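Just the heavy atoms: all of them, side chains too, but no hydrogens, waters or symmetry mates, feed the values below. Each chain gets a letter, A, B and so on, in the order its sequence line appears, and its residues count up from 1. Just follow the structure's listing: the first ligand is 1, and inside any ligand the first atom is 1.
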Amino acid sequence: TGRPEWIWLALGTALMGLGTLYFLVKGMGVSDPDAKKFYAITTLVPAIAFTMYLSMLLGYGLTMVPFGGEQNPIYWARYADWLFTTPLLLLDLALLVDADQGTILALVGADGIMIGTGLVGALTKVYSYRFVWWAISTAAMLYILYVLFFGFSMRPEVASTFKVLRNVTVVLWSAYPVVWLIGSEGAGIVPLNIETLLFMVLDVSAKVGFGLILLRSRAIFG
Amino acid sequence: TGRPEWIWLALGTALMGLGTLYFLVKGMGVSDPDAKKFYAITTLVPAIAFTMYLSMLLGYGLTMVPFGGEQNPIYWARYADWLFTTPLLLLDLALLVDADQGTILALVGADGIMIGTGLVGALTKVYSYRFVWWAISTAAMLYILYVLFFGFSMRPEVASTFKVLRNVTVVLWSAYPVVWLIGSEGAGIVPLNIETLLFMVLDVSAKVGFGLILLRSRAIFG
Amino acid sequence: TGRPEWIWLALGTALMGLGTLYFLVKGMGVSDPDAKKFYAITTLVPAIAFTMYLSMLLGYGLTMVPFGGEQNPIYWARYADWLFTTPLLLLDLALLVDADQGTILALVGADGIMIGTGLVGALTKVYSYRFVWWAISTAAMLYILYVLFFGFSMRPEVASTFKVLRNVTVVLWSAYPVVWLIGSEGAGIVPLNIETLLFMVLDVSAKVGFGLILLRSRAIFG
Ligand SMILES: CC(C)CCCCCCCCCCCC[C@H](C)CCCCCCCC(C)C
Ligand SMILES: CC(C)CCCCCCCCCCCC[C@H](C)CCCCCCCC(C)C
Ligand SMILES: CC(C)CCCCCCCCCCCC[C@H](C)CCCCCCCC(C)C
Ligand SMILES: *C/C=C(C)/C=C/C=C(C)/C=C/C1=C(C)CCCC1(C)C
Ligand SMILES: *C/C=C(C)/C=C/C=C(C)/C=C/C1=C(C)CCCC1(C)C
Ligand SMILES: *C/C=C(C)/C=C/C=C(C)/C=C/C1=C(C)CCCC1(C)C
């Protein structure tokens, strides 16, 4: 449309749709209960992202937020996506290493706090307070990354695949607070069209790339 | 009140309230942990529906949505109901057959996508896009119905009761997208008062009727 | 600020932040999976409350609701807090006694209904209907308290700690509907600044006080 960022919302919609259908077909037949869990979790992630990219593409998941005396276009649908897809991504990691339930609830709850405070930050109309919420969300993110590294006798197959996905997760997820800080939600240094491109590449990599690595590994089977 | 549909919201409120109290009393005493699960799940469903019917009856769960150049009365509280009650109904089915956790997460997540895209469709102000969301929600519904039929050594008691509830579920749930399509959320072929009657009969049947069948079966006991 | 109640939102923010960091540090090292669960649950509660107190303090979690012909300041962020923190508090109790899953789902679902109908009551613009929602929420609360007392061979260590936390829970949680009834959400007998003080003392006691009792007990270890 008239929104220059439309092309990246359209490409992200397509890519998440295609990833969803690929993983759907791929998991057809799988009978191992353990593998079944990883396919469900991992197919659901880009399915949810597909709907929220389409909602941005059609204009539904966009609102205007007054701050710095302007009307700032804020895509809130990203936070409805991430609210469900980032704990699912963490559950994939957690199941892979057989984490303790206490550790899984710490991770999902820290993740809820990360996304919910990012959403409050995104909708806050007092510009300086936006970055108070950024900082608290960043601190929740660093707790999560801490736990993925210092909280975890795996069969060597598990260990290997987990190490790769853990490194993929730390590098990609750490970029999100930087994009938000420099982008239209934060300091406004990078235009919305380039921010939207950055988040499209991260999201597709963190969902479809991550899941291609995982669903190719024998680590997901008993 | 002045809303002609008030009578059906009032009758649905009453019927869900009465079903809730019936199942509450009925489960009193039950000590079998397995049965306890089915009573909790099955009592909670019409309890939640009671609150959301009452919220429609009092006007709280109604909003106006501009589309086709008019101010369309949209009862959004139905989606807050269904968001929680339809996965609970699916958990009742899933526990009955002892489904794999992977299969249960596929079902709840597809259900979330069904209701959340129905809600976006219900609130979308570009009329043609309303039916894009309908189609995606319908596709999620057909995945769910697919899985209830082709994804599942039960004791014969389980099998029998599950087959009846599965057929009840396919027939009733399949009517919802048709009512939405022809009703005030969609093409506007059927007036809101008759739509509200249709959804009242479906909801009471899918909640209180379904639960009367289930909570009468010995299938829920170890 | 100019809101007289600011001081109690500031003190509650501080106290929940300090409790969160205390329990975070305290649980460092714990390796017992059972204890790990109680630390996760119990650290998350004041972490979530911290964010929602800060959101009230900065003005984000406050809205104006017209009722009784005025513009009533309603802090809705309390309900986003309680939606997650009160089932977590109930899970702490439930895990302590090894409750049946049926019993845990009854408790979380009744809790959802308690907070969600309190939120509808808080935002309802027809003054008399506000108290219809209060009554239904109160009835959900009495079901929960009923179950904590008449629904539950514990090692004596569990029993002892559970009895203390159960009495703490009945006394503190029972005060919330009274504060709401006499406060700005209800009859408006007590000013918002004193209501906000009452809820700060209850919340800190029900979260940080409760958790100090629990995380000091050996009951949380296998
Ligand atoms: C059969 C396999 C390999 C998958 C192909 C199905 C299509 C869907 C997406 C899968 C590919 C993505 C790999 C993740 C990595 C990336 C960094 C994603 C960033 C996207 C940018 C565009 C580059 C090309 C693509 C259009 C595939
Ligand atoms: C003891 C048993 C049988 C239950 C009676 C308690 C009351 C609550 C509801 C239970 C009855 C409903 C059966 C479900 C089937 C239907 C198709 C429901 C559609 C409702 C339409 C009105 C018909 C009559 C009723 C008011 C019972
Ligand atoms: C090391 C221990 C004891 C904890 C201290 C860390 C600080 C955070 C909060 C812990 C203290 C609270 C106990 C709960 C009981 C109360 C009734 C809370 C009501 C608060 C009112 C103010 C009273 C003093 C306080 C500022 C500690
Ligand atoms: C599928 C998409 C994924 C994996 C997205 C991850 C998003 C985050 C890690 C977001 C982090 C943020 C912060 C740490 C700071 C505040 C802003 C956020 C929400 C962008
Ligand atoms: C308790 C009520 C139940 C069982 C309701 C079920 C609702 C559905 C199956 C709704 C389905 C819909 C679609 C498939 C298309 C879009 C509109 C919906 C949400 C009505
Ligand atoms: C961390 C805070 C806790 C433990 C808060 C508990 C809140 C309740 C028990 C609230 C109860 C309410 C009712 C019973 C009636 C309606 C109003 C409420 C939501 C305040």
Testing A:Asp92, A:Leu93, A:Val170, A:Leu89 for side-chain contact (heavy atoms from CB on, under 4.5 Å) with A:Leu165, which one passes? A:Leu93

Keeping the roles fixed (side chain from A:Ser217, backbone from A:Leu214), state whether a donor-acceptor pair exists under 3.5 Å. no

Residue pairs involving residues 137-149 of chain C (criterion side chain to side chain donor-acceptor pair (under 3.5 Å); sequence neighbours excluded): none

List the protein residues in contact with ligand 6, where contact means a heavy-atom separation under 4.0 angstrom. C:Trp82, C:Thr85, C:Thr86, C:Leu89, C:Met114, C:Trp134, C:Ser137, C:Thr138, C:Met141, C:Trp173, C:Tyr176, C:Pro177, C:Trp180, C:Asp203, C:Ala206, C:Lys207

Over 12 foreign heavy atoms within 6.0 Å of CH2, C:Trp76: yes

Enclosure of B:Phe84 CZ (heavy-atom neighbours >12, cutoff 6.0 Å): no

Parallel, tilted or perpendicular: ring planes of A:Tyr176 versus A:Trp82, cut at 30 and 60 degrees: perpendicular

Any C:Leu123 side-chain heavy atom under 4.5 Å of C:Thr63 side chain: yes

Do the side chains of A:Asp203 and A:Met52 get nearer than 4.5 Å, heavy atoms only? no

Ordered by chain then number, the protein residues lying under 4.0 Å from ligand 1 by heavy atom are A:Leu15, A:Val204, A:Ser205, A:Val208, A:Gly209, A:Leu212

Tell me, please, which residues at least two apart from A:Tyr75 pass side-chain hydrogen bond (donor to acceptor under 3.5 Å, both in side chains). A:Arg3, A:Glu5

